[PDB]
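Below is one structure, written out as structure tokens; the observations come after it.
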RNA sequence: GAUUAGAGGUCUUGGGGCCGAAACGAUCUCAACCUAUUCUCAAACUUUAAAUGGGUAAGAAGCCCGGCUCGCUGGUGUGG
RNA sequence: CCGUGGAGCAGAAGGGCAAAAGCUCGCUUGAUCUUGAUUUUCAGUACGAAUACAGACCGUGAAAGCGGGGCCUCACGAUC
RNA sequence: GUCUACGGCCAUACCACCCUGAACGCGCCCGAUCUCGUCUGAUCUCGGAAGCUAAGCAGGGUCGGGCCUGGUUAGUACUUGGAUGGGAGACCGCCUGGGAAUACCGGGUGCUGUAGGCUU
Ligand SMILES: [Mg+2]
Ligand SMILES: [Mg+2]
Ligand SMILES: [Mg+2]
Ligand SMILES: [Mg+2]
Ligand SMILES: [Mg+2]
Ligand SMILES: [Mg+2]
Ligand SMILES: [Mg+2]
Ligand SMILES: [Mg+2]
Ligand SMILES: [Mg+2]
Ligand SMILES: [Mg+2]
Ligand SMILES: [Mg+2]
Ligand SMILES: [Mg+2]
Ligand SMILES: [Mg+2]
Ligand SMILES: [Mg+2]
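Chains as they are written, first to last, in this note's numbering: chain R, 1 to 205; chain S, 206 to 375; chain Y, 376 to 534; chain Z, 535 to 582; chain V, 583 to 875.
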């Protein structure tokens, strides 16, 4: 029903988001952007693995969803139902257009909205998996088999950060012990030495 | 100790009657209000048009007036005598003002005239303090600080101590 | 094609800077412009009277007429293959003294003073601004500490 | 029978092959466009 | 709950007004039209008369604007009146008249122009304007700066304007805001304005107090009794004040006394102090909590 | 202006239930809400903000003096 | 009580505006007569629109001032 | 040291709370015959001087928010000019020059003009 994906692979037009000017845009197929045991703390899923793009291109929203489904299926098969947490870090915001032919020709050849794609730069994360330390080859294999749902070339990288945070794992535990960052939900709060002393007293009490 | 003139005084008392329709009812409400307050009140036009209450844009639907000083505490004394010096915890605002309502007017010392009929009204009092005119004077306007403003507890204490009233919970 | 409106494409050029809206500071009104000063044009959208056309924004001209509220200035405009020195009237808000001329004036006063001086002394002094000459020879002293090695760092991926 | 609508491809070369001459600056510029009452004064001063 | 209005974004985007506008002292909209000279007049000064009625004083100044800040050429204060005779009543309409006249005469006396432009020596309270005398320096001209005062009929700023106009300054005005203009008849009562200038409106008030009440009169005019001023003599003392002002308007500065260099307000503490403070606060809290636990 | 996800608060309301005659009295909750965070965006968004670029100046038509005219502006042979 | 504009300013949009350009009153007809100069499209021609002046009669205000239409960007027409 | 009148630059000046203010001053404050204006002498206008720093205001404080100014990010992103450079492309590397912005980490928290006071 939809045109081949090769017809919309390169970032050839300016970003064309859905707004008051671009109306009637059909809903993107991907709606869920993370799943697994997302309701988990930061100290039980230390291992983090990214799938990083190696090409500057645009990935279809549906292909995003297909890769997510494949990764989730392999993960629930391998590391149990709630031993992982997926996160797709690309939202499809650039809508593409189609000038359908039914005979005017090329007159008035401005296309109607067809679908949505996400523009991906070199070295940009596509999917992220957080899980326990021992499921490293499981994460690698899940991302590797999810790679087949995308065009272009992608790489797998085991991040040195702790989970879905911006802090290195080799002193994350030391810093939380020292109380420089406080855990919350699935992330952490940095606590600089700048607030009023009341907060310092509150969190040292 | 205490500051001799940071004490609490009432600075204005507002009376209003909202009838919801213009006409003979409105002018008779204005008449009873001006007889009560000893001065001419004013009419307030409707801000918007809503047909649920049967009102439109810019017609007089309410009559209100304000008083200061002597007449203010006399009218407030009459109102509290009608309300047997009884008020509720929620009757007081966070800014230190308060108020109440009287369902009908002839009880507080008004002769019943059958032509004008019967009308209730709202009393409101704005507790003040010497120096509150800074907030609204023209030349060098400013705030009134943090210590100098009035809170709900201070209003409660002033009411229960000066007019020996009771604040029943509610 | 485009539109020939007088203010087309000026939404950023005539706008006010961030956190600088409001009353125009009075120093702009309290400056003196005489006949012949070199002056800059910068349209200010706060006042709409006597606003210069967008093509003179950022241009520098010469004052030739002073009037109650505005100033007439001669400024060059490049039209196709020719330049026209045309005179426009701008209200005083959209105008500002050019500091490119005062530097030359101060230099003139200063080198005239140093020419008047040393005239009796008979010594020689340089007035023309020579371009930046090549660096002369000198010695770089190491203080017993040898320069440290610099090597490229190994590649290792971040993202 | 469509045709090209607008271009300026050769215009810079055409302008430069004769040179964009600056306006002929020269002393004693004309006094037209000057404030009428100030001009009337200058005439009176020159007269007397 | 509810949004917090004074949000970090609110403070980031907030733009403060001018300092004088924040303090409420200056109306810049009026100042722009008041103090700006025409561009073809170049650096010709545009003098203006500032009149400011305080709770206890009248300030009258002559100023012209300059980029670094407007400069005061002459100034006169109401509290100088006791030197000339007015011992009490430094804020009323009469005091405004005397201080305006004093400012005018002081300007001319500084300025070498007393023998010319004497003005209304005999106060009449009617429409008077000075004309330049040919062959002589032109009359000083300035414009009133009412500031934030409400310019209704009978304002003391207009009283000071009338005082200076009778002094000799040429200030454009009309006899509409002077006390005495009757709105309905649209007419001007020079006699009423004259009695307001000479202070009879206080004389009849004090006689009215004499009519009925004594303690209230003492409360209203305590310093009047202490200075021994009677309702009838106020006109004579104001006439004497006008005569003395026109006689000797020059101002002599009070001699300067050497300072003992005593600081009366707390100085700003340094970074080392304010860092040691927080360090020892943390230490004290830790040592208190380790025991309280 | 779009946009994902969990954290902590309360009655500010609604939804499933529960003890309750009822009670913001109470139990979970799901929510909307608030406060700190977090993922991803803008040709017709922006606090910031390049490189390339567009004007102007780099003296004799300039500087420094002395003096005249003016019906303009003028506290002032003031300003121009 | 808080409230930097999150409202309004006839209309599209953008810019601009807080003792105001917004709201409410008071008084008025500078939306008037007249010669020139300049900007915008530009050939550097018209029309249209606009900008500084100048000369009279005025309006308003205590006054400085402001005003010869609409806060600016559009709302219009040769020869015979 | 500091204040008042008029200001210039318009947060290093704003916002929230707390502490202190000698003298002058600025204020709060006391009244409505006259001037003037309101539903209301609340505001404005007018006539005063019993009391008070309570408030405004001034100075100071906050591991304060903001703001201003630096370091880091970073020679990273981007980019003038060049190649018969690589690559199927998408794009990337190099040569010749210029060179940012968040997060994060420091420092600061009004200067000043004219006139007139107080600190005898
Ligand atoms: Mg096919
Ligand atoms: Mg394209
Ligand atoms: Mg073709
Ligand atoms: Mg052709
Ligand atoms: Mg005014
Ligand atoms: Mg106004
Ligand atoms: Mg005219
Ligand atoms: Mg209008
Ligand atoms: Mg009063
Ligand atoms: Mg105080
Ligand atoms: Mg205090
Ligand atoms: Mg801070
Ligand atoms: Mg000072
Ligand atoms: Mg001593």
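Don't be surprised by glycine CBs; every beta carbon is placed ideally from N, CA and C.
In terms of alpha-carbon separation, which member of the options lies closest to residue i?
| i | options | result |
| --- | --- | --- |
| residue 209 (chain R) | R:115, R:182 and R:131 | Any answer about residue 209 (chain R) is impossible in this case: the structure gives chain R only from 1 up to 205. |
| residue 821 (chain V) | V:610, V:854, V:776 and V:689 | V:776 |
| residue 25 (chain R) | R:136, R:116 and R:199 | R:116 |
| residue 375 (chain S) | S:323, S:294 and S:269 | S:294 |
| residue 387 (chain Y) | Y:523, Y:489 and Y:418 | Y:418 |
| residue 559 (chain Z) | Y:431, Y:444 and Y:451 | Y:451 |
| residue 308 (chain S) | S:280, S:302, S:253 and S:288 | S:288 |
| residue 436 (chain Y) | Y:381, Y:481, Y:449 and Y:444 | Y:449 |
| residue 490 (chain Y) | Y:501, Y:481 and Y:480 | Y:501 |
| residue 304 (chain S) | S:267, S:220, S:256 and S:363 | S:220 |
Return yes when the Cβ of residue j is within less than 9 Å of the Cβ of residue i, no when it is not.
| i | j | result |
| --- | --- | --- |
| residue 345 (chain S) | residue 738 (chain V) | no |
| residue 636 (chain V) | residue 681 (chain V) | no |
| residue 472 (chain Y) | residue 412 (chain Y) | yes |
| residue 750 (chain V) | residue 779 (chain V) | no |
| residue 676 (chain V) | residue 781 (chain V) | yes |
| residue 160 (chain R) | residue 51 (chain R) | no |
| residue 291 (chain S) | residue 371 (chain S) | yes |
| residue 57 (chain R) | residue 11 (chain R) | yes |
| residue 399 (chain Y) | residue 438 (chain Y) | no |
| residue 28 (chain R) | residue 149 (chain R) | no |
At a CB-CB cut-off below 7 Å, which residues of chain Z make contact with residue i?
| i | result |
| --- | --- |
| residue 460 (chain Y) | 557 |
To which residues does DSSP link residue i through a beta bridge?
| i | result |
| --- | --- |
| residue 769 (chain V) | V:764 |
| residue 116 (chain R) | R:95 |
| residue 323 (chain S) | Residue 323 (chain S) pairs with nothing; no bridge assigned. |
| residue 181 (chain R) | R:190 |
| residue 415 (chain Y) | Y:435 and Y:471 |
| residue 220 (chain S) | S:270 and S:328 |
| residue 657 (chain V) | V:643 |
| residue 450 (chain Y) | Y:461 |
| residue 371 (chain S) | S:291 |
| residue 699 (chain V) | DSSP, once it has assigned bridges, lists no residue as partnering residue 699 (chain V). |
Give the interface partners of residue i over in chain Y, defined as CB-CB distance under 8 Å, in chain order.
| i | result |
| --- | --- |
| residue 771 (chain V) | The contacting residues do not exist; residue 771 (chain V) stays about 39 Å from chain Y at best. |
| residue 157 (chain R) | 532 and 534 |
Interface residues of chain Y around residue i at Cβ under 9 Å?
| i | result |
| --- | --- |
| residue 140 (chain R) | Within chain Y, no residue comes near residue 140 (chain R); the closest Cβ sits about 15 Å away, beyond 9 Å. |
| residue 123 (chain R) | 532, 533 and 534 |
| residue 625 (chain V) | 407 |
Under 7 Å between beta-carbons, which chain V residues line up against residue i? List them in chain order, please.
| i | result |
| --- | --- |
| residue 203 (chain R) | Within 7 Å Cβ-Cβ: nothing; residue 203 (chain R) doesn't reach chain V, min ~12 Å. |
| residue 346 (chain S) | 606 |
| residue 368 (chain Y) | Nothing about residue 368 (chain Y) can be read from this structure; chain Y reaches only from 376 to 534. |
Could you work out which residues of chain V lie near residue i, taking near to mean beta carbons separated by less than 8 Å?
| i | result |
| --- | --- |
| residue 404 (chain Y) | 614 and 618 |
Please compile the residues from chain S whose C-beta is within a distance smaller than 7 Å of the C-beta of residue i.
| i | result |
| --- | --- |
| residue 730 (chain V) | 343 and 344 |
Using a cut-off of 8 Å between C-beta atoms, extract the partners of residue i located in chain Z.
| i | result |
| --- | --- |
| residue 377 (chain Y) | In chain order: nothing, as chain Z lies at least about 11 Å away. |
What residues from chain R crowd round residue i, counting only those whose CB sits closer than 9 Å?
| i | result |
| --- | --- |
| residue 722 (chain V) | Those within 9 Å of residue 722 (chain V) in chain R number zero; the least Cβ separation is about 60 Å. |
At 8 Å on the CB atoms, spell out the chain R contacts of residue i, in chain order.
| i | result |
| --- | --- |
| residue 863 (chain V) | 197 |
Under 7 Å between beta-carbons, which chain Y residues line up against residue i? List them in chain order, please.
| i | result |
| --- | --- |
| residue 548 (chain Z) | 456 |
| residue 52 (chain R) | 534 |
Mind pulling the chain R residues with CB within less than 7 Å of residue i?
| i | result |
| --- | --- |
| residue 560 (chain V) | Here chain V has residues from 583 to 875 only, and residue 560 (chain V) is not among them. |
Whose Cβ in chain V lies nearer than 9 Å to the Cβ of residue i?
| i | result |
| --- | --- |
| residue 398 (chain Y) | 599, 600, 603, 610, 611 and 614 |
Secondary structure, beta strand (DSSP E): runs of 3+ residues fully inside the segment 245–311 of chain S: Secondary structure remark: continuous beta strand (DSSP E) runs of at least 3 residues inside the segment 245–311 of chain S, in chain order: 247–250, 265–272, 291–293 and 303–307.
Within the segment 55–79 of chain R, ranges of the beta strand (DSSP E) (whole runs, at least 3 residues): Counting whole runs of 3 or more residues, the segment 55–79 of chain R contains the beta strand (DSSP E) stretches 57–60.
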